[PDB]
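Colleague: Chains as they are written, first to last, in the deposited numbering: chain N, 221 to 274, 323 to 367; chain V, 22 to 310; chain U, 257 to 288.
C-beta: ideal position from N, C-alpha, C; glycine also.
Dropping the structure in here first, questions after.
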Amino acid sequence: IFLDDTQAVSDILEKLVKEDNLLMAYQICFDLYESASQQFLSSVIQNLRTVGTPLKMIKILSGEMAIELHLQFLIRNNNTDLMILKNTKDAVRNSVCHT
Amino acid sequence: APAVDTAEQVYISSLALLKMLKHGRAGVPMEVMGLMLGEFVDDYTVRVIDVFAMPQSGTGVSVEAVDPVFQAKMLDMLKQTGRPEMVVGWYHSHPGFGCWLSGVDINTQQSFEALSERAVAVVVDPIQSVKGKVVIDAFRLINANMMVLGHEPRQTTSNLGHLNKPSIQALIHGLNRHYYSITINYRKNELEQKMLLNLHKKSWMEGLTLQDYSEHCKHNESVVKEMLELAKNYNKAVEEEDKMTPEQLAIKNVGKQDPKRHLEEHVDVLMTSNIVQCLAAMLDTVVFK
Amino acid sequence: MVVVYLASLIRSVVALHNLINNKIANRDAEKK
């Protein structure tokens, strides 16, 4: 992530796949997603397919998979309340408060 | 489906504010009014480029005083000058109470609202302004129609929000019957600041201008005479100052506040005038020669 | 200057005292 050279990243995953340490290749991709810029993660995807690094890496870097992962923490231990919505109609005037 | 029709925060330029302060100040105790000309762009900015006063009211800010005829007459002239601008709103002064409209004034305000929704009403208090941004609020008219729609919260939205303060009777009464309050913020450019400053030719020249040598000697002697008075209090204060806080010690062993401070201010003013004049004198003599 | 220094000397006694109080508290604990 500091270097921000897409060519460097593609090379680490390639070597771990060839060794048949797929797991290792996989970890760097989820770790990379959190910190890195999105533009930077997008460039990797194009380069990985071509080397022939497995398809698995591609999903997590996309950022489609990551949302679902967060959902289980939020959904399980989810607080909600209707009451605030109602407080704004009845109590105060609605425009400033409403937003 | 809904529209906008909100009161946006009013950007008042440096010249327009000065024209409002000047209009009011001459104008009071008599209630007076005049128009605001500007351009409104976006849906957030109204810039008040200029103002002028369209004939000043008598008793009240009367509905007689609002004149489409004068407004029309002035507006066509502007076109010929090659500055066509539109009436952004209007301003009035009340000396009665800070940030308050009169009863007559709310009716007068309605004629401007019909013309443009972005018509604003500025209350200027020259009596109670000694910073000149103070006790000026931008306001908007509350009709029976406006209150039923709920236009009043709608105004706070799109800016930083502003409620008035001066007087208790004027805030409760004003809020219900007269108006809703909204914000004024100020933009004045660097050129406006440069003209604001009043660069002045003699102002800098004085710095060099040499004062009499006898006058410095005379002053030196006068200044010493103030320190002498302070010196009796100062001898007593200094004997014991063996705990903490110099000011307490000084009062305790006689000498109101700080005898040291008084002494120091007295030399500083004399030192300042003598020091600059000596710097200036040596420089001028050599330069001119 | 002289006034702040006379006070500064008094501050010194409290400030020294703090480092010694800690010592005395550490020792009461290790000795039981």
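Taking its Cβ as the centre, do 16 or more other Cβ atoms sit within 10 Å of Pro89(V), making it buried, or is it exposed?
Modeller: Classification for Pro89(V): exposed.
Colleague: Under DSSP, the alpha helix (DSSP H) around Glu134(V) begins and ends at which residues?
Modeller: First-last of the alpha helix (DSSP H) with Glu134(V): 124 to 136.
Colleague: So the alpha helix (DSSP H) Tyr253(N) belongs to, where does it begin and stop?
Modeller: Looking at the DSSP string, the run of the alpha helix (DSSP H) that includes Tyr253(N) is 242 to 255.
Colleague: Going by alpha carbons, who is nearest to residue 5(V) out of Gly81(V), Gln92(V), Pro174(V)?
Modeller: Residue 5(V) cannot be examined here, being either before or after the span of chain V that is shown, 22 to 310.
Colleague: Which residues of the stretch 61 to 79 of chain V have a Cβ closer than 7 angstroms to any Cβ of chain N? Give them in chain order.
Modeller: Those would be none; no residue qualifies.
Colleague: Can you name the start and end residues of the alpha helix (DSSP H) that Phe118(V) belongs to?
Modeller: No alpha helix (DSSP H) holds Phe118(V); DSSP gives it neither H nor E.
Colleague: How would you list, in chain order, the residues of chain V whose beta-carbon sits under 8 angstroms from the beta-carbon of residue 337(U)?
Modeller: The shown model of chain U, from 257 to 288, leaves out residue 337(U), and the question about it has no answer.
Colleague: Check for me: the beta strand (DSSP E) holding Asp71(V) runs from which residue to which?
Modeller: It spans 66 to 73 - the beta strand (DSSP E) in which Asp71(V) sits, taken as one unbroken run.
Colleague: What's the gap between the Cα of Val84(V) and the Cα of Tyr200(V)?
Modeller: Taking the straight line from one Cα to the other gives about 17 angstroms.
Colleague: So, does the CB of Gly276(V) fall closer than 8 angstroms to a CB anywhere in chain N?
Modeller: False, the Cβ-Cβ gap to chain N never drops below 8 angstroms.
Colleague: At what residue ranges does the stretch 220 to 264 of chain V contain a whole run of the alpha helix (DSSP H), taking only runs of 4 or more?
Modeller: Listed in chain order, they are 222 to 226, 234 to 259.
Colleague: Under a three-way DSSP split, which group does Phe91(V) fall into?
Modeller: Helix at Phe91(V).
Colleague: Beta-carbon within less than 6 angstroms of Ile248(N)'s beta-carbon, same chain only, minus the 5 sequence neighbours each way: which residues are those?
Modeller: If we look at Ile248(N) and ignore the five residues flanking it on each side, it has no Cβ neighbours.
Colleague: List, in order along the chain, the chain V residues whose C-beta lies closer than 8 angstroms to that of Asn362(N)?
Modeller: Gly171, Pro174, listed in chain order.
Colleague: Does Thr178(V) get closer than 8 angstroms to chain N when you measure Cβ to Cβ?
Modeller: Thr178(V) counts as touching chain N.
Colleague: Would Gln92(V) pass as a contact of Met75(V) if the rule is Cβ separation under 8 angstroms?
Modeller: Yes, the Cβ-Cβ distance between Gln92(V) and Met75(V) is below 8 angstroms.
Colleague: Just to confirm, is the Cβ distance from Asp126(V) to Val82(V) under 8 angstroms?
Modeller: It is a contact, given that the beta carbons lie within the stated cut-off.
Colleague: Could you compute how far the alpha carbon of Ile70(V) sits from the alpha carbon of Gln30(V)?
Modeller: Roughly 15 angstroms separates the two Cα atoms.
Colleague: Are the CB atoms of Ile203(V) and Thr177(V) nearer to each other than 8 angstroms?
Modeller: Result yes, Cβ atoms of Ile203(V) and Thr177(V) sit closer than 8 angstroms.
Colleague: What is the residue span of the alpha helix (DSSP H) that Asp231(N) lies within?
Modeller: Counting along the chain, the alpha helix (DSSP H) containing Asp231(N) begins and ends at 226 to 239.
Colleague: Roughly how many angstroms separate the alpha carbons of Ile148(V) and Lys100(V), rounded to a whole number?
Modeller: Roughly 36 angstroms separates the two Cα atoms.
Colleague: So the candidates are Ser137(V), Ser78(V), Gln298(V); which of them puts its Cα closest to the Cα of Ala28(V)?
Modeller: Answer by Cα proximity: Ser137(V).
Colleague: Where does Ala142(V) fall in DSSP's three states?
Modeller: In this structure, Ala142(V) counts as strand in the three-state DSSP scheme.
Colleague: Please determine whether the Cβ atom of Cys238(V) lies at a distance below 7 angstroms from any heavy atom of the ligand ZN.
Modeller: Of ligands this structure carries none, so the ligand ZN is not represented either.
Colleague: So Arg161(V) is in the alpha helix (DSSP H); what residue range does that whole segment cover?
Modeller: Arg161(V) -> not in any alpha helix (DSSP H); beta strand (DSSP E) instead, spanning 157 to 162.
Colleague: Residue range of the beta strand (DSSP E) that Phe61(V) falls in?
Modeller: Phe61(V) -> beta strand (DSSP E) spans 54 to 62.
Colleague: Would you give the residue range spanned by the alpha helix (DSSP H) that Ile189(V) belongs to?
Modeller: Here the alpha helix (DSSP H) through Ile189(V) covers 189 to 194.
Colleague: For the stretch 327 to 335 of chain N and the stretch 349 to 365 of chain N, state whether three or more C-beta atom pairs, one from each stretch, are separated by less than 8 angstroms.
Modeller: No: fewer than three Cβ pairs fall under 8 angstroms.
Colleague: To the nearest angstrom, report how far apart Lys287(U) and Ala281(U) are at their CA atoms.
Modeller: Between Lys287(U) and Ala281(U), the C-alpha separation is close to 10 angstroms.
Colleague: So, is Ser123(V) buried or exposed, given that buried needs 16 or more other C-beta atoms within 10 angstroms?
Modeller: It counts as buried.
Colleague: Could you tell me the distance, in whole angstroms, from the CA atom of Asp231(N) to the CA atom of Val67(V)?
Modeller: Each residue's alpha carbon lies about 57 angstroms from the other.
Colleague: Hey, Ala22(V) and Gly119(V): beta-carbon distance below 8 angstroms or not?
Modeller: Not a contact, by the Cβ cut-off of 8 angstroms.
Colleague: Return the Cβ separation of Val141(V) and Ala159(V) in integer angstroms, given the expectation that the two are a contact with Cβ distance under 8 angstroms.
Modeller: That belief holds up - the Cβ atoms of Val141(V) and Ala159(V) are roughly 5 angstroms apart, short of 8 angstroms.
Colleague: Just curious, the beta strand (DSSP E) that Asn206(V) is in, first and last residue?
Modeller: Residues 205 to 207.
Colleague: Could you give the residue range of the beta strand (DSSP E) that holds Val31(V)?
Modeller: Here the beta strand (DSSP E) through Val31(V) covers 31 to 33.
Colleague: Closer than 8 angstroms by C-beta to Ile272(V): which residues in its own chain qualify, once you throw out the five before and the five after it? Chain order, please.
Modeller: Hits under 8 angstroms: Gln278.
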